[PDB]
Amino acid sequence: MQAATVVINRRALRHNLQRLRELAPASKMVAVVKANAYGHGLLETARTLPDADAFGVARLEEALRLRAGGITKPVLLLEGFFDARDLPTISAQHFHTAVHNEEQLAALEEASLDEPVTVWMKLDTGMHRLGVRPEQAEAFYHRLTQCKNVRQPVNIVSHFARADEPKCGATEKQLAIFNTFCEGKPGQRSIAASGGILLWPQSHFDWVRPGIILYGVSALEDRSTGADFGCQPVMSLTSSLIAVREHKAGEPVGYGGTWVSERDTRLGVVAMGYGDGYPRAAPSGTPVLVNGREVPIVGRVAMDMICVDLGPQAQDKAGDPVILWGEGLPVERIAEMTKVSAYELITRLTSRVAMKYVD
């Protein structure tokens, strides 16, 4: 292929897992690979990290897509199970699960399984998304230690809502609540994801759950990159030019003739659009690398194409290599220029994009 392609550096992936073990030296690793491993490929990303202590996924479907591919490490269902009739599979597949509601707990109480299941009680410490609230947590917790269907001890998990904002006291407050509930309880503790790992060493505890930073991308919006933490970028969104055309001063480009040129120039057309996952919101001027040289996007990003300004005697030609982000272009730069989160940029890509794996 020469069009929409994501190149995944397996070497950078391994480097990052090891680099994260250096940053959180007393904690085991839950490699978070939900949403097709953040756009890098669920199964391939797991196979690249046979050293991971466990893998984290959002849904049950993802966890078995892993077992189907031969992945054997423990897989953590971060949101738990959505149907009580799933417990038998989860037990047999040796999936570890979070438990945040009455339905899940009552399911565990009355299920009949050939083996007990390892569980992580999800505690709501401030995010107010999933989890048992503090005032209901002690009773809920106690019922889990009385389950013979639950492998003792009951582990405790939680998640930060604003760890990337060190100067609001949100994280210290969640930590305060997390610590109060865990006092005197056995079982592993886990509350830190990318942000908690890098900015809060007092939240590492027993297990940390690296997601975005595992792929060498930064968790915060302070324009820092994965390299700020010694992590190497894994993904490169690439394509090729399918046309190099003459253009003249005063002439508009794209839908809504929205960019107008102030000079005679040459425009390049890239085989990349939002039908591939590239943000339609990308404003003119956003950087793209053409033949390893940065050129600006001019005009509205279409479903399948993107126009760039090369210059009046630019000698680029149809077929030449284009990098949407990658080596000369961290996805974090593209997120600042487009105002789109790096999390969304690397993850919201379509099945039209080819996948390559190197090293």
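We number the residues from 1 along the sequence you see.
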Mean C-alpha temperature factor, higher of 128 to 136 and 259 to 267: 128 to 136
Look up the CA B-factors in the entry and say which stretch, 101 to 109 or 192 to 200, has the higher mean. 101 to 109
For the C-alpha B-factor as written in the entry, point me to the maximum among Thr238, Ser158, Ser224, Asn155. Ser224
C-alpha B-factor winner, where the candidates are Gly319, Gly70, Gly56, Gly311: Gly319
Divide the modelled residues of the chain into thirds by Cα B-factor and specify which third, lowest, middle or highest, holds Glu344. lowest
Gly292, C-alpha B-factor rank within chain (lowest, middle or highest third): middle
Within this chain's modelled residues, let me know which third the CA B factor of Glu165 belongs to: lowest, middle or highest. highest
Using the B-factors in the PDB entry, rank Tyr274's C-alpha atom against the chain and give the third, lowest, middle or highest. lowest
Within this chain, which third does the Cα B-factor at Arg151 fall in: lowest, middle or highest? highest
